[PDB]
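Each remark here refers to the structure printed beneath this line.
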Amino acid sequence: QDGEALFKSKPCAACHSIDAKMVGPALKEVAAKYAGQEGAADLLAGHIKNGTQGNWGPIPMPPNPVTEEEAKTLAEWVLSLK
Ligand code: HEC
Ligand SMILES: [Zn+2]
Ligand SMILES: [Zn+2]
């Protein structure tokens, strides 16, 4: 599956929109923040799979039910969002 397909088949939409702020940052805003940051795809892939907190606010993103390979597809897709 591609990034947009995984975005809908995994639980992401409970907390994220592509364009609007929900629980987590809008995915276009993640793309904007990490544009030009060397290494961002691997960083986001680990965060999508394993969870993270404190990059955008106090609310954490729990770990997600994704494989490495799904997390990498999703991270590359998120970074592509313009
Ligand atoms: C609520 C329970 C969430 C679900 C389900 C998913 N995400 Fe999330 N995400 C959420 C929050 C609250 C945050 C911000 C955390 C913080 O650091 O303040 C995030 C963050 C992201 C990011 C950005 C990470 C970064 O390093 O800046 C991405 C790319 C992201 N989330 C993607 C993502 C995907 C692909 C999900 C489905 C697999 C997903 N999230 C689930 C909240 C929640
Ligand atoms: Zn597609
Ligand atoms: Zn899967």
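Along the sequence shown, residues are numbered consecutively beginning with 1.
If you take NZ on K28 and OG on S80, they are separated by 10.5 Å, rounding to the nearest 0.5 Å. Separating the CG atom in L27 from the NZ atom in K21 is a distance of 13.0 Å, to the nearest 0.5 Å. Between the CD atom of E68 and the CG atom of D42 there is a distance of 10.0 Å, given to the nearest 0.5 Å.
In terms of heavy atoms, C15 sits closest to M22 at O-CB, 3.2 Å. For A26 against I18, the heavy-atom pair with the smallest separation is CB-O, 3.8 Å. Contact detail for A75 and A45: the closest heavy-atom pair is CB-N, 3.6 Å. Across all non-hydrogen atoms, the minimal contact from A31 to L81 is CB-O, 3.3 Å.
A donor-acceptor contact shorter than 3.5 Å links the side chain of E70 to the backbone of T67. A donor-acceptor pair is defined here as one N or O able to donate and one able to accept, closer than 3.5 Å; such a pair exists between the side chain of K10 and the backbone of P65. For the pair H16 (side chain) and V23 (backbone), a donor-acceptor distance under 3.5 Å is absent. Of the possible donor and acceptor atoms, one in the side chain of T73 sits under 3.5 Å from a partner among the backbone N and O of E69.
No side-chain heavy atom of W56 sits less than 4.5 Å from a side-chain heavy atom of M61.
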Verdict with reasoning, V66 to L6, per side chain to side chain contact (heavy atoms under 4.5 Å, CB included): CA-CA 9 Å; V66 294; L6 285 168; 5.9 Å; no
field: Stepwise side chain to side chain contact (heavy atoms under 4.5 Å, CB included) check, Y34 with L79
entry: CA-CA 7 Å; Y34 291 105; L79 290 169; 3.7 Å; yes
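Ion pairing of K33 with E29 is absent here, as no side-chain N (NZ or NE/NH1/NH2) approaches a carboxylate O to less than 4.0 Å.
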